[PDB]
Amino acid sequence: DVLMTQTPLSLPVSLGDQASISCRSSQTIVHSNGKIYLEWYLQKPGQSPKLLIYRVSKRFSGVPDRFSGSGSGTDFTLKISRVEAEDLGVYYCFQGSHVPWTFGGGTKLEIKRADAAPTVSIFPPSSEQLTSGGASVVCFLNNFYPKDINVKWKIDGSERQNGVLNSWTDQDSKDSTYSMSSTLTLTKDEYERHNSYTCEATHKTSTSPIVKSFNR
Amino acid sequence: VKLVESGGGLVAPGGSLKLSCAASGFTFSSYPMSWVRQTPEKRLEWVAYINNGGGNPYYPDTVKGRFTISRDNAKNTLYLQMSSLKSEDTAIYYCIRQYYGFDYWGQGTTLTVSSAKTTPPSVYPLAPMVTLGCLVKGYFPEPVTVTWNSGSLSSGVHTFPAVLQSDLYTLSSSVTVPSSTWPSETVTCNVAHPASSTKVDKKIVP
Amino acid sequence: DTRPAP
């Protein structure tokens, strides 16, 4: 089969700056008819992939002027001249010259923006869950940048690590931020043996952790 | 141009499952169609082709002999019959109108090949501009869909990816609204689990 | 210049 290898794996780029994504095939991809069928797709977060370019350099209808394709032999390149926030997502190259048709592995486009601190929010267990005999405490860390962040749970002042489960969103196409949820799961019995519950987020925007608490 | 996929769900290994795709907005019989899947690793794999007349059904060897593409140009429907299902087949399957390339994609329907049992989710409210949330705990397989006030609340929302723990998925959904709006007006989390055919509406109350 | 069939 034709192997399609994309470079880089991830590409941070500021708004207005340029982004370039390389595709390399394991062979020449000229069809018997003499044409090269290299296509570029973009998958935005939460959506199906979208066709951007076909036939190496041809824009599909609706694709703005700033998306450019080029290449021949085994080396092909997608260029984005003035990155907008709506362009973030994963870019896939693809050859349709030889069967089986094959995709590249993807290159993630990340928007560089100014650092932003999270908006922290803690939520106690619901009475509906307590009836089940379980108790999940949740902490939303919303709309921050960059992606990496630390969250520390504390029950009655003492750090708590087991039972924590963290999950990050993809980058938001509107404000270029990230959000993440931290969920500490306990038993109902264990939950009711303690009173003070605390999640505190540490982000590079401050040496002072952002702390949110509740009682009972 | 709209393409809607159906038929996804949980299947035991070695089992069979057929997908459908509802085509609209164009002359279905004029265009060739393809299926493409996306694995949980987010790798894209073309899995089937068929020309506008229902001929030249073509597949990669990874699925050849097990999958069968077909179409009913009378009913504007594209089908994908699967059999002898492996764990490697677990993916989101996209229905595609092909011409220049894969020009139009459906939103996908998810296949999961697993011996585990279908488990629906338990939905819990998360109450304290004010931020509210939904906790969607302990379901299988993926996926679920969460909305706020049946789609009215579109901004201020982000839903966090599900994580697999102990063979069950859990996720949460956050929504942020004006302190004016809540509790003054009803804020409801609507959760749907297609693999279990479940729908739940949890109102967020103080 | 549509993609050719396999």
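The sequence lines fix the lettering, A, B, ..., with proteins before strands; numbering per chain opens at 1.
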Subject >> Flag, side chain of A/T102 to backbone of A/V2, donor-acceptor distance under 3.5 Å >> reply: yes
Using distance only, find each side-chain donor-acceptor pair of residues 205-212 of chain A under 3.5 Å and give its atom names and separation, not counting sequence neighbours.
from	atom 1	to	atom 2	distance (Å)
A/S206	OG	A/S208	N	2.9
A/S206	OG	A/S208	O	3.2

Subject >> Residue that, paired with B/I69, satisfies side chain to side chain contact (heavy atoms under 4.5 Å, CB included) out of B/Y49, B/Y79, B/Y59 >> reply: B/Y59
Original post:
Hey, are the side chains of A/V13 and A/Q18 touching, using non-hydrogen atoms and a 4.5 Å cut-off?
Top reply: no
Original post:
Do you know which of B/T170, B/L171, B/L168 makes side chain to side chain contact (heavy atoms under 4.5 Å, CB included) with B/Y139?
Top reply: B/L171
Original post:
Would you say B/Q107 has more than 12 foreign heavy atoms packed within less than 6.0 Å of its CD?
Top reply: no
Original post:
Should B/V191 and B/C134 count as side-chain neighbours, where that means a heavy-atom distance under 4.5 Å?
Top reply: yes
Original post:
Can a salt bridge be assigned to the pair B/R43 and B/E45 using a cut-off of 4.0 Å between side-chain N and carboxylate O?
Top reply: yes
Original post:
Restricting to pairs with a member in residues 39-71 of chain A, which pass disulfide bond (SG atoms under 2.5 Å apart), not counting sequence neighbours?
Top reply: none
Original post:
Can you name the salt bridge (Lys or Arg N to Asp or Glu O under 4.0 Å) partners of B/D167, sequence neighbours left out?
Top reply: none
**OP:** Using a 4.5 Å cut-off on heavy atoms from C-beta on, say whether the side chain of A/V137 contacts that of A/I122.
**Re:** yes
**OP:** Using a 4.5 Å cut-off on heavy atoms from C-beta on, say whether the side chain of A/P49 contacts that of B/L44.
**Re:** yes
**OP:** Would you sort out whether B/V136 and B/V146 count as a side-chain contact (heavy atoms from CB on, under 4.5 Å), showing the intermediate values?
**Re:** CA-CA 9 Å; B/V136 181; B/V146 184; 4.2 Å; yes
**OP:** Answer yes or no on whether A/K108 is positioned over the face of A/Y91, meaning its NZ or CZ is under 6.0 Å from the six-membered ring centre and within 45° of the axis.
**Re:** no
Original post:
Backbone N or O of B/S152 within a donor-acceptor pair of the B/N149 side chain at under 3.5 Å?
Top reply: no
Subject >> Flag for A/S181-A/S167: side-chain donor and acceptor within less than 3.5 Å >> reply: no
**OP:** Say whether, by atom type as modelled, one donor and one acceptor occur between the side chain of B/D72 and the main chain of B/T77 under 3.5 angstrom.
**Re:** no
**OP:** Let me see the working for B/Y94 and B/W105 under ring-ring contact (aromatic ring centres under 6.0 Å, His included), right down to the final yes or no.
**Re:** CA-CA 6 Å; B/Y94 302 99; B/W105 301 53; 5.5 Å; yes
Original post:
Taking only residues at least two apart or on different chains, which pairs with a member in residues 12-30 of chain A satisfy salt bridge (charged side-chain N to carboxylate O under 4.0 Å, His left out)?
Top reply: A/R24-A/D75
**OP:** Ignoring hydrogens and angles, state whether a donor on the side chain of B/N190 or B/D201 is under 3.5 Å from an acceptor on the partner side chain.
**Re:** yes
**OP:** Give a yes-or-no answer on whether the side chains of B/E41 and B/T39 include a donor-acceptor pair shorter than 3.5 Å.
**Re:** yes
**OP:** Give a yes-or-no answer on whether the side chains of B/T131 and B/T176 include a donor-acceptor pair shorter than 3.5 Å.
**Re:** yes
**OP:** Find out whether B/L80 and B/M82 are in side-chain contact, i.e. whether some heavy atom of one side chain is under 4.5 Å from a heavy atom of the other.
**Re:** yes
Subject >> Donor-acceptor pair, side chain of B/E5 and main chain of B/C95, under 3.5 angstrom >> reply: yes
Original post:
Can you name the residues that form a side chain to side chain contact (heavy atoms under 4.5 Å, CB included) with B/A12, not counting sequence neighbours?
Top reply: none
**OP:** Mind jotting down which residue pairs meet the salt bridge (charged side-chain N to carboxylate O under 4.0 Å, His left out) criterion with at least one end in residues 141-155 of chain A? Sequence neighbours excluded, please.
**Re:** A/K152-A/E200, A/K154-A/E200
**OP:** Verify ring-ring contact (aromatic ring centres under 6.0 Å, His included) between A/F140 and B/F160, making sure each step is shown before the conclusion.
**Re:** CA-CA 10 Å; A/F140 289 146; B/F160 302 93; 5.2 Å; yes
Original post:
Quick one: salt bridge (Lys or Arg N to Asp or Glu O under 4.0 Å) partners of A/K204, sequence neighbours excluded?
Top reply: A/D115
Original post:
Okay, side chain of A/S25, backbone of A/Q27: is any donor-acceptor separation there less than 3.5 Å?
Top reply: yes
Original post:
Hey, does B/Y93 have a side-chain heavy atom less than 4.5 Å from the side chain of B/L111?
Top reply: yes
Original post:
Which residue, B/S172, B/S173, B/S174, forms the side-chain hydrogen bond (donor to acceptor under 3.5 Å, both in side chains) with B/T159?
Top reply: B/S173
Identify every side-chain donor-acceptor pair in residues 20-34 of chain B under 3.5 Å, counting partners at least two apart or on other chains, and give the distances.
from	atom 1	to	atom 2	distance (Å)
B/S24	OG	B/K2	O	3.4
B/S34	OG	B/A48	O	3.3
B/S34	OG	B/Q98	OE1	3.0

**OP:** Indicate whether the side chain of A/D172 and that of B/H158 have a donor and an acceptor atom separated by less than 3.5 Å.
**Re:** no
**OP:** Examine distances only and state if a side-chain atom of A/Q95 and a backbone atom of A/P100 form a donor-acceptor pair shorter than 3.5 Å.
**Re:** yes
Original post:
Taking B/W148 for the side chain and B/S155 for the main chain, is one N or O donor matched with an acceptor at less than 3.5 Å?
Top reply: no
Original post:
Does a side chain donor of either A/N143 or A/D175 reach within less than 3.5 Å of an acceptor in the other side chain?
Top reply: yes
Original post:
Side chains of A/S136 and A/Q129: do they bring a donor and an acceptor to under 3.5 Å?
Top reply: yes
Subject >> Listed once per pair and sorted, the salt bridge (charged side-chain N to carboxylate O under 4.0 Å, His left out) pairs that draw on residues 79-92 of chain B, sequence neighbours left out >> reply: B/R37-B/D89, B/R66-B/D89
Original post:
For A/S81, which residues count as a side chain to side chain contact (heavy atoms under 4.5 Å, CB included) partner, sequence neighbours excluded?
Top reply: A/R66
Subject >> Heavy-atom closest contact (A/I53 atom, A/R59 atom, distance) >> reply: CG1-CA, 4.4 Å
**OP:** Step by step, work out the ring-ring contact (aromatic ring centres under 6.0 Å, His included) result for A/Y54 and B/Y99.
**Re:** CA-CA 10 Å; A/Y54 62 104; B/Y99 196 50; 9.5 Å; no
Original post:
Between B/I50 and B/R71, does a side-chain contact (heavy atoms from CB on, under 4.5 Å) hold up when you go through it step by step?
Top reply: CA-CA 8 Å; B/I50 196 173; B/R71 57 195 303 167; 4.0 Å; yes
Solution key, residues 32-44 of chain A side-chain donor-acceptor pairs under 3.5 Å, sequence neighbours excluded:
from	atom 1	to	atom 2	distance (Å)
A/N33	OD1	A/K35	N	2.8
A/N33	ND2	A/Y37	OH	3.1
A/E39	OE1	A/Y41	OH	2.5
A/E39	OE1	C/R3	NH2	2.7
A/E39	OE2	C/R3	NE	3.2
A/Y41	OH	B/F102	N	3.1
A/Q43	OE1	B/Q38	NE2	2.7
A/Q43	NE2	A/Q47	O	2.9
A/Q43	NE2	B/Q38	OE1	3.0
A/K44	NZ	A/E86	O	2.5

Subject >> Student check: side-chain heavy atoms of C/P6 and B/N56 closer than 4.5 Å >> reply: yes
Original post:
Taking only residues two or more places apart in sequence, or in another chain, which ones meet A/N166 in a side chain to side chain contact (heavy atoms under 4.5 Å, CB included)?
Top reply: A/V151, A/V164, A/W168, A/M180, A/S182
Original post:
With no hydrogens and no angle check, is any side-chain donor or acceptor of A/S26 less than 3.5 Å from a backbone partner on A/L3?
Top reply: yes
